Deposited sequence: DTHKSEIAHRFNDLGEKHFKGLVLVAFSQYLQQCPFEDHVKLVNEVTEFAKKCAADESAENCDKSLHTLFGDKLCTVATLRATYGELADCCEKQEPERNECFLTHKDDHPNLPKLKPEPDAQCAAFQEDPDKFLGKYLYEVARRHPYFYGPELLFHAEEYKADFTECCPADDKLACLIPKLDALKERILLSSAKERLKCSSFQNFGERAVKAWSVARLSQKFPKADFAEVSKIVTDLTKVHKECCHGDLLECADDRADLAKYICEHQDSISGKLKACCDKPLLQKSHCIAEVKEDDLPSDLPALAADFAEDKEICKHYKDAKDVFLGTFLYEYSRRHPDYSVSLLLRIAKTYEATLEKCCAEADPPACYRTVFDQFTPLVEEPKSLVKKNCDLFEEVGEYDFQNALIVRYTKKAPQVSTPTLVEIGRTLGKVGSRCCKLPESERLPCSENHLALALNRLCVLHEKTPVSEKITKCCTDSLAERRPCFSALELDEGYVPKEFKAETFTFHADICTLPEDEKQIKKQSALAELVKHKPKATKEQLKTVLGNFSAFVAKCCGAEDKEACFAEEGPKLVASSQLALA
């Protein structure tokens, strides 16, 4: 390609090209106002058009990283607003880009995007482009690793919502639903980027082999391998800020899947007769195909063949990749990480056994090594769903907050509350599902919440136990966290009465925000009395809840808090001994 920018502009079209460039700049530079970005986008886009007209024109042959980085490095008030990035701007490519990537903020702490129906409907109708641009901008800076094409898809849902409703109780629940999809989608992609960063491309491929084999059990190993190879490149590119290349390659992949859908899956038909953005999205979210009737017996190949040790030495990556493909397509009832743990156990067995005198007798029972690995997460999910269904989301979240605060009492209270609340919503999502889909739902979603915690820990490390669980092994991460008990080396956080002291401000809050305040106090209760049982803590929190409900129902709210509060604060400590 004579001009890469021209090529991507021609492939993607202007609207998508501008959208993706806006996303990319909003993620690299998270604090800049919407005007600093829009101007940069418009200027970049004008240059692309010029280059599309004449690819020999000066600067058109430069790399995307060079052009985009140079643009970012012109931004007004760079050192004051983006101290670390200004340092990156002294470098050449690709060092500069790598510097930009190293400095993306996963916890930027900006205001919650609260919907104002009247104000936004008014801004939408006067200038939709600006309004929809703003949505891309607001979400991108909040979620710096958000999948670029996915955000454009979600912007179009945002548009349909405002197009439908504006001509305001229509609008609020539509945006609530969309926000949950943004949260989930953001968490899924961040896991992919986190996997590249912390474990590498092999780990992302193995994860993808397992997942895609589950989704497309009809497809042969060549087809799955093909799709995994291409999908891994798409994510590598999107995770490293190469959003034009990422979008273009995602579009080509969707086309290939759809051209070969009879070979791949019967569920793709609904997806494949749609527009480019919608198509790629439906495929990424597609449900698992029905099991084929001709799935092969695996014992003969992987347990009983006499030349297995030779296979493992001569064509290791293919023998193991094939096993993972075969075992995964057969087990849609397993979580992805379980499948990965199974694959690692299979590999370790063929190392151990082949170094013995008589290997066949050794590796013959290899499938029986999987049994305890399957039973552990099955029991965990049964136990957590039993609790959820008994006590409901709020108390379930509370139990998880206690559980995780005991494991990592050095973690910040907002982080512990966030993660406990997220973990508890997994119950609501997964426990009601058909019984065979609970395990994959529960563990896969758990992987997302644990990765969020790990990502926050990269920025703000407080705990060696957390470091170990986050960095030792991607497949073993959930069981590593599950095996943590009360950190015995923790010295209890000192008592501050005011931490547990409530005031009449709580009464005006929305329900979820009242809960967060009480849940924060719950975390703090555990930090000061780490040996207190979950049953002690539930009772103490019950008493706090009753006290809040009483004084919020009072004629004089603050006199109630001022009278009743200090007694409850002192007595509650005696209950936690």
property: Stretches of the record's deposited sequence for which the structure holds no C-alpha atoms; result: 1-2, 170-173
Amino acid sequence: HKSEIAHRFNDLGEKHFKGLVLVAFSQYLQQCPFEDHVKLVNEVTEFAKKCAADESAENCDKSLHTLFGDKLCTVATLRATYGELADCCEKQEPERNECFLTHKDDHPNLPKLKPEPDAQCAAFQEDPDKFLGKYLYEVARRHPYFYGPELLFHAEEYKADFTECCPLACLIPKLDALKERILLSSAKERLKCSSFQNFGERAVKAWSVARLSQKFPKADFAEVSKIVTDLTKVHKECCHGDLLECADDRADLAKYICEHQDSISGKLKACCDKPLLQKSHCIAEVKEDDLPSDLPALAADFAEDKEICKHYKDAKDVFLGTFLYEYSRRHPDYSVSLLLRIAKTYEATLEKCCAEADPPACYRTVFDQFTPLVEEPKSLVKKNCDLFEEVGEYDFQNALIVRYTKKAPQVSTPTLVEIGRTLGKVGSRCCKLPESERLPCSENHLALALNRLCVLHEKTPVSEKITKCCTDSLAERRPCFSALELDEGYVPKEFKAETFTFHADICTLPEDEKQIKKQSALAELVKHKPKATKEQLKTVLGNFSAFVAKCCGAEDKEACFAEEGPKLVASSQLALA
From here on, numbers count along this sequence of modelled residues.
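If you superpose the two forms and keep the largest set of C-alpha atoms that fall within 1.5 Å, you have the rigid core.
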{"property": "Segment of greater CA departure in 6 other deposited structures of this protein, 313-321 or 326-334, core superposed", "result": "313-321"}
{"property": "168-176 against 295-303 - segment lying farther from this form in 6 other deposited structures of this protein (CA RMS, rigid core fit)", "result": "168-176"}
{"property": "Mean temperature factor over C-alpha atoms, higher-scoring stretch between 51-59 and 532-540", "result": "51-59"}
{"property": "Per the entry, higher mean C-alpha B factor between 477-485 and 156-164", "result": "156-164"}
{"property": "Maximum C-alpha temperature factor, selected from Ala140, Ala449, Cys353, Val462", "result": "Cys353"}
{"property": "Per the PDB entry, maximal CA B factor within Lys407, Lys255, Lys468, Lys432", "result": "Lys432"}
{"property": "Where the record places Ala559 (Cα B-factor, split into thirds across the chain)", "result": "highest"}
{"property": "CA B-factor placement of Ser263, once the chain's modelled residues are sorted into thirds", "result": "highest"}
{"property": "Chain thirds of CA B-factor: placement of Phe199", "result": "middle"}
{"property": "Chain thirds of CA B-factor: placement of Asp249", "result": "lowest"}
{"property": "B-factor third for the C-alpha atom of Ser293 within its chain", "result": "highest"}
